[PDB]
Amino acid sequence: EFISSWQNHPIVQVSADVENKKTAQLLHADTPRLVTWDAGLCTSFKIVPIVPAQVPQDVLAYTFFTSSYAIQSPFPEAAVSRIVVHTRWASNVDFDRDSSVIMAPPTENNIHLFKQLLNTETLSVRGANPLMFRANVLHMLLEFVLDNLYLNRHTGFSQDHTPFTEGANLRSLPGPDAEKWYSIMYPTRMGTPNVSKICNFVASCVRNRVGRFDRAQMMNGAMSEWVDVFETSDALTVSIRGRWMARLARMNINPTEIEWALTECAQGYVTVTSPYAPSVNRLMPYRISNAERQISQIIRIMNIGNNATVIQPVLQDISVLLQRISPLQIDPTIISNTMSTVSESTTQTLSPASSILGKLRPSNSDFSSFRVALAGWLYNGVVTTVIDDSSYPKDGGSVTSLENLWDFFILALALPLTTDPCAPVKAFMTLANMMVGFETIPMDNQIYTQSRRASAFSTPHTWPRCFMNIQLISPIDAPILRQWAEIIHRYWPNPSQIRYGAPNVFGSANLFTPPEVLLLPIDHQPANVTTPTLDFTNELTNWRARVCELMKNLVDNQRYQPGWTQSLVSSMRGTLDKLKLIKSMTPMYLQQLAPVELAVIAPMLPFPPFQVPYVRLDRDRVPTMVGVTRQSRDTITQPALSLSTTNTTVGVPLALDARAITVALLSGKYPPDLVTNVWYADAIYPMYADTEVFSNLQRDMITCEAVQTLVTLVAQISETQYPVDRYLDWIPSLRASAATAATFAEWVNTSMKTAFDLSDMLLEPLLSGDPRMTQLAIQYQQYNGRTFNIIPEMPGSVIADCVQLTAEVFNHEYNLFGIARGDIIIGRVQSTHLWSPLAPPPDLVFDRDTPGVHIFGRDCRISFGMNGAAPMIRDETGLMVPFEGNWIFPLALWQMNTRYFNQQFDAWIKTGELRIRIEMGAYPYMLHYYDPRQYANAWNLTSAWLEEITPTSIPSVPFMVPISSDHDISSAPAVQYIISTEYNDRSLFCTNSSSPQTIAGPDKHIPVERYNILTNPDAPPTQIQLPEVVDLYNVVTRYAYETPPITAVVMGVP
Amino acid sequence: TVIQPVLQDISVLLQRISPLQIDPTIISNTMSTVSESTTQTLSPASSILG
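Residues numbered from 1 in each chain as written, not as in the entry; some residues may be left out. Chains lettered and ligands numbered in written order. Part of a larger assembly, values for the part shown. Heavy atoms only, no water.

In terms of determination method and resolution, the entry is listed under cryo-EM at 3.30 Å.

This is how it looks when you write it as structure tokens:
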């Protein structure tokens, strides 16, 4: 029943997204589209006709005008012409950034541009909410900048064959119908037969500044490296592209340092070559500062925060790569062969060999879990590999059981390879549990007694006193267990370090450790031969030997031995002896080769290593918390102060299988004839033909760029802690809340993703939380309380700077963007004069300090007239006044009482002597031209505008401006109601451009300062007049650099 | 029985006069979890959501 319901499921949007695919993002990220080439004109401003020229006419014969001879003109030949922004209206690009900003001529409505952001509540299609004008303008400027990120392309030239120029070189545009461009690029090339405006302007210009200006021809017979040309353009886009190219050039590298980096990162196992001769200036933008890498690393950490499903596939990928590169493979039969030789009697009820072989079951697939355990060493910051619960004995076990003895053996060998700091305590408590009743020790309290599950001891606070202080364990009452504790303290592996990477190209994303440094939980000792042979001088070999000796002492104890038959004792000790001297090559591999492989692999990871120091037994330095922050508290501004109380803990444990790791430790063999320097040279060679790392570097650059853009943009509509300029305060804006900021940030993120062609997700972790106080930091804390924090000092950002530059320019050229500044005055003006309403005569306007005015505020209230008395309204001073004179309203005051005010004031405004000034700040505007010789009344337009005002939306202000003429005309009355407050008519370009002069109506010659290079013989060619006046004819640098793939220039030696 | 309608009606009136909107997707996005801890059942993030 035309109630306009069921129009609400419209534009109201959706933001909630299910994001289980963090793994896909982490394993591979889309590369930004950095380099793009533009072959067209580096301009974004278009001159358009508005009113066709008065041709033919009864005054001048048609033979005078230039158009009658079909001569192309650099400028429109029209009665009225104006300037309109139209990004890339002449460009010819290869990749589209799909962020165009286009308006229509002011005679055509342009309201839809300013209602694009937050007018989801606006009903009318012709209206928009003034309070989001600032946000809409900021979005428009951001898209304006983004659409212009292109590199100018060098096309080609041709010498002139006509006397119009002194043999200049003219650049040829690509694409079809290139004829029209030659008349637009070079205004000075036109002939000057007439006295008209265009001909006069051209004749008053310099003649040698046209076409090609300078070039750098390096190689005879190849493309010129770059050129400089005089051609139509705008200073703003030229500056933007210049700084963009400057950033790209700062990011450049050359092949020689590339081969140096690749040689370094491969540890000398791979040799690559680069050419040595005059090149052609390729462009390979891959070098970025360490700060950007740290920012990207922190963002990446915050994604995988406290989630295991996101990190586990990374570990499997690393395991697969390691298995692909490593020379170590499982010996199928070593354990069975060595255990089949022990001697035993067939009359025994038990057989140690049976039990051990039953527990081992070497399924050959155990090296996968061994490899993931190895990979865990690189990410102890977020992932803490631990032994699964199921590996421990079910009820706690007992030393009298053979099965429990073998379980203890498996756990004892498996534990030292995990990244869990609390591992040694669990190793000790594993035996302590089995030894209960048999042999006792003092524990801390009644909860964590000697009979707790060994896996329960997980934090430094639970470390038993007796374990840290050996003397508490009685050498008489507990010999075996004291011996075990001494073994743990004296023979646990010592962590070490190793250098890796190529910092001068790849940078370094290390946070809590020095660059190039990679920590290990095992001491590394480089091998000095390339033909390895079996050796027993290893940490892990000593560990296994000590464990076997401890078991042997346990069996032979006189308090425990008499429970066993002598034959069983002999078999057991023989089995332990066999296990002691097994010929497993894995400890050698871990001590000598594995660190080299990790160092080789690490720089090529998609997720660079993130480590915290390994502490052997210093309970004071065990890390207990790793946190990141993305916000700041209420009043705290300095990140070093709010970091402690605004961080979110990050980390997650991962479970492994002790059986598998023990099998790996026991059954490793090398290929029958191994020569390491050949094996690795053969294996590593393919894997350094991968260019994913450089792509990751570019992605990292864009991440920080976007973060800085977000903070700078948000610092405009709200209040933040960072210093920032402010040029758009005069544009009205609402009192922003958290929700408004979140919506604005979502829009910014969408725009940036679209512009650079990113299909994955960007900035999302920052969207959660309030974006008005963003800050990036990270810290971790030891057990003793000493804390360490890292605050990456934010680098620059070209896009934010360019956006601010365009905003600063907008503070002067707001007319060109279809925006009028100031206020409006509503009042009847009837006369035959021809002044433009956009440039009203000074006497018609008034302001707050004009004598005899009335200012009105929040207390609008009206007393109706009675018995002929005039109605009255209350001034802000408490005076009662009639409906006449000059008033001043804040606009919201009219918005909140539209209907009442219309009904009360329209008659007096139309016919009486009432004039009102509405305070707007800024507003879109519309033009309606009219014939001066005909009667014209503008009351209908103003009436519609007034009546369509809504407490949420207003429509574009309509103006009625006369049409300029180039010959004598009659006059006719005109009734005007709306005039602007100050000058707002900077958009106009020329009037009667094809005629000798303008007789009636507003007059305007070609803006001379827009062509300062041509008009001023003394100006240097490279002068610009920003931010006050944008020029329309500049010196443009066009490049011809190559962007070859990495493998095309650097080829390895097989 | 006398009290019940009064409180119910005032609750409804407050519910559809206030600008506040209750949106649990805030909680869901902040936790940003489906089911962590692939193998071991204990996962506090899933537990609190449940």
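There is more to say, and it comes next.
Caption draft 1: Focus on the overall build of chain B. When you go through chain B residue by residue, the secondary structure sums to 3 helices and 0 strands. Relative to a compact globule of 50 residues, whose C-alpha radius of gyration would be 10 Å, chain B shows 19 Å and is clearly more extended. Based on the C-alpha atoms only, the size of chain B along its principal axes is roughly 55 × 30 × 10 Å. Looking at chain B as a whole, 10% of its 50 residues are labelled buried. Element-wise, carbon and sulfur atoms account for 67% of the exposed surface of chain B, whose accessible area totals about 4,500 Å². (Helix = DSSP H or I, 4+ residues; strand = E, 2+ residues; numbered from the N terminus. Rg over C-alpha atoms; globule rule 2.2 N^0.38 Å. Buried < 20%, exposed > 50% of the residue type's maximum accessible area, 1.4 Å probe, protein only. Areas by Shrake-Rupley, 256 points an atom, 1.4 Å probe, with all protein chains shown as cover.)

Caption draft 2: Local environment of the overall build of chain A. Across its full length, chain A carries 32 helices and 34 strands. Against the globule reference of 31 Å for 1054 residues, chain A gives a C-alpha radius of gyration of 41 Å, more extended than a compact globule. Summarising its shape, the C-alpha atoms of chain A cover approximately 135 × 90 × 50 Å along the three principal directions. Counting the 1054 residues in chain A, one finds 55% classified as buried.

Caption draft 3: Representation of the packing of helix α7 (residues 290-303) of chain A against helix α24 (residues 692-717) of chain A in the model. Residues and elements named next belong to chain A. Following both chains from N to C, one finds α7 and α24 inclined at 85°, their axes separated by 8 Å at the closest point. By the angle class used here, α7 and α24 are roughly perpendicular. In this structure, α7 contributes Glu-292, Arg-293, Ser-296 and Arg-300 to the contact, and α24 contributes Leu-697, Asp-700, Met-701 and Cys-704. Taken together, the residues that form the contact of α7 with α24 break down as 3 nonpolar, 1 polar and 4 charged. (Axes fitted to C-alpha atoms, helices over the stretch in contact; angles between N-to-C directions. Parallel < 35°, antiparallel > 145°, perpendicular 65-115°, else oblique. Contact = heavy atoms within 4.5 Å. Nonpolar A, V, L, I, M, F, W, Y, C, P; charged D, E, K, R; others polar.)

Caption draft 4: A look at a nonpolar patch on the surface. Residues and elements named next belong to chain B. A contiguous nonpolar surface patch, about 830 Å² in accessible area, is contributed by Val-2, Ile-3, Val-6, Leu-7, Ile-10, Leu-13, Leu-14 and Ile-17. Relative to the helices and strands, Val-6 resides in helix α1 (residues 3-15). Overall, the relative accessible area of 47% leaves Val-6 in the partly exposed class. (Patch = residues over 30% accessible without salt bridge, like charges linked within 9 Å, V, L, I, M, F, W, Y side chains within 5 Å. Salt bridge = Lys/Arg side-chain N within 4 Å of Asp/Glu carboxyl O.)

Caption draft 5: Focus on the side chain of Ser91(A). All names here are of chain A. Mapped onto the elements, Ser-91 comes out in the loop between β3 (78-85) and β4 (127-128). Only 3.4 Å separates the side chain of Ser-91 from the backbone oxygen of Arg-88, close enough to count as a polar contact. The contact partners of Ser-91, leaving out residues within four places of it in the chain, are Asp-38, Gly-40 and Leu-41. (Polar contact = N/O pair within 3.5 Å; in protein donor to acceptor, adjacent residues only side chain to side chain.)

Caption draft 6: Quick peek at the environment of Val961(A). By the secondary structure assignment, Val961(A) is in strand β30 (residues 957-962). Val961(A) has contacts with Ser836(A), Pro837(A), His928(A), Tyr929(A) and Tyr930(A), leaving out every residue within four places of it along the chain.

Caption draft 7: Spatial organisation of the packing of helix α29 (residues 898-911) of chain A against helix α30 (residues 939-947) of chain A. All names here are of chain A. At a minimum axis separation of 10 Å, α29 and α30 run at an interaxial angle of 160°. Judged by the angle between their axes, α29 and α30 are roughly antiparallel. Seen from above, α29 lies across α30 with right-handed handedness. Taking contact as the criterion, the partners of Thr-898, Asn-902, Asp-906 and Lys-910 in α29 are, on α30, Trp-939, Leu-946 and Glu-947. (Left-handed = near helix turned anticlockwise from the far one by under 90°.)

Caption draft 8: Fine view of the sheet that holds β3(A). Residue and element names in this part refer to chain A. Read across the open sheet, the 3 strands follow the order β2-β3-β32; overall the sheet is antiparallel. Whereas interior strands pair on both sides, the edge strands pair on one side only; in this sheet they are β2 (45-52) and β32 (988-991). Geometrically, the sheet is characterised by an average inter-axis angle of 20° between neighbouring strands, direction not taken into account. Looking at chain direction, β3 and β32 are connected through 3 bridges and run antiparallel. Considered in β32, the bridge of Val-80 is made with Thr-991. (Pairing = 2+ DSSP bridges.)

Caption draft 9: Region of the structure containing the sheet that holds strand β20 (residues 787-790) of chain A. Residue and element names in this part refer to chain A. With respect to topology, 4 strands assemble into an open sheet ordered β16-β15-β19-β20, the strand pairing being antiparallel. With partners counted over all chains shown, the strands left at the sheet margins are β16 (648-649) and β20, one partner each. Direction of pairing for strand β15 (residues 623-629) relative to β16: antiparallel, over a ladder of 2 bridges. Following the sheet pairing, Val-628 is matched in β16 by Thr-648.

Caption draft 10: Looking closely at the pattern of salt bridges. Residues and elements named next belong to chain A. Enumeration according to the criterion identifies 33 salt bridges over all chains in this entry. The salt bridge partner of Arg-171 is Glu-231, with a shortest N-O separation of 2.5 Å. Of this pair, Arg-171 sits in strand β7 (residues 169-171) while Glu-231 sits in strand β9 (residues 226-232); the two residues are 60 residues apart in sequence, bridging distant segments of the chain. For the pair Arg-171 and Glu-231, one class covers both residues: buried. One salt bridge connects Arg-573 with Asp-556, and the closest N-O pair in it is separated by 2.6 Å. Here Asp-556 lies in helix α17 (residues 539-556) and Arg-573 lies in helix α18 (residues 566-580), a separation of 17 residues in the sequence. With a relative accessible area of 33%, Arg-573 lands in the partly exposed category. In this structure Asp-556 comes out as partly exposed when scored by relative accessible area, which is 27%. When salt bridges with common partners are traced through the structure, they connect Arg-88, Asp-96 and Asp-147 into a single cluster.

Caption draft 11: Main features of the interface of chain A and chain B. With 8 residues of chain A at the interface, the matching set in chain B holds 9 residues. Where chain A abuts chain B, roughly 630 Å² becomes buried across the two surfaces, and 53% of that area is made up of carbon and sulfur atoms. Ranking the residues of chain A by area buried against chain B places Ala16(A), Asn307(A) and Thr309(A) at the top, with a combined share of 43%. Here chain A is connected to chain B by 0 salt bridges. (Buried area = accessible area lost by both parts, 1.4 Å probe.)

Caption draft 12: Structural context of the side chain of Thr66(A). All names here are of chain A. Looking at the secondary structure, you find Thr-66 in the loop between β2 and β3. Relative accessible area serves as the criterion here: at 11%, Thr-66 is assigned to the buried category. Those residues in contact with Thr-66, other than ones at most four positions away along the chain, are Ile-71, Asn-194 and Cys-199.

Caption draft 13: Looking closely at the nonpolar core. Residues and elements named next belong to chain A. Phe-428, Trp-484, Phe-756 and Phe-810 are the most contacted members of the largest nonpolar core, which totals 298 residues. By residue number, the principal contributor to this core is α24, which donates 11 residues. If you look at the next biggest cluster of nonpolar residues, it comprises 7 residues, including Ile-825, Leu-844, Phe-846 and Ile-888. (Core = buried A, V, L, I, M, F, W, Y, C linked by side-chain atoms within 4.5 Å.)

Caption draft 14: Inspection of helix α13 (residues 423-434) of chain A at higher detail. Residues and elements named next belong to chain A. Here α13 contains 12 residues, and its C-alpha end-to-end distance of 17 Å stays within 8% of the 16 Å for a straight helix at 1.5 Å per residue. For α13, a buried count of 12 out of 12 residues is recorded, marking the element as mostly surrounded by other parts of the structure. What α13 keeps buried is the set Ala-423, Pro-424, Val-425, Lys-426, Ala-427, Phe-428, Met-429, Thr-430, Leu-431, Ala-432, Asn-433 and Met-434. Along its buried surface, α13 packs onto β12 (383-387), α12 (402-414), α14 (465-468), α15 (479-491) and α17. (Expected span 1.5 Å × (residues − 1).)

Caption draft 15: Here's a closer look at the pairing of β9(A). Residues and elements named next belong to chain A. For β9, the tally of buried residues reaches 6 of 7 residues, placing the bulk of the element in the interior. Judged from the 4 bridges that link them, strand β8 (residues 211-215) and β9 form a sheet pairing that is antiparallel. Residue pairing in the sheet places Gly-211 in a bridge with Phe-230 of β9. One ladder, built from 7 bridges, connects β9 with strand β33 (residues 1033-1039); its direction is antiparallel. Its bridge partner being in β33, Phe-230 is matched across the sheet by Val-1035.

Caption draft 16: Layout of the packing of aromatic side chains. Residue and element names in this part refer to chain A. One pass over the full model with this rule turns up 43 aromatic pairs over all chains. Here the aromatic rings of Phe-438 and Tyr-560 are separated by 6.3 Å at their centres, their planes lie at 85°, and the arrangement is edge-to-face. Remark: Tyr-560 occurs in the loop between α17 and α18 and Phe-438 occurs in the loop between α13 and α14; sequence separation between them is 122 residues. Since its relative accessible area comes to 7%, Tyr-560 is described here as buried. Ring centres of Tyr-448 and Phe-457 lie 5.4 Å apart, and the angle between their planes is 65°; this geometry places the pair in the edge-to-face category. Given the relative accessible area of 29%, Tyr-448 is considered partly exposed. (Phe/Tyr/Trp six-rings, centres within 6.5 Å; stacked < 30°, edge-to-face > 60°.)

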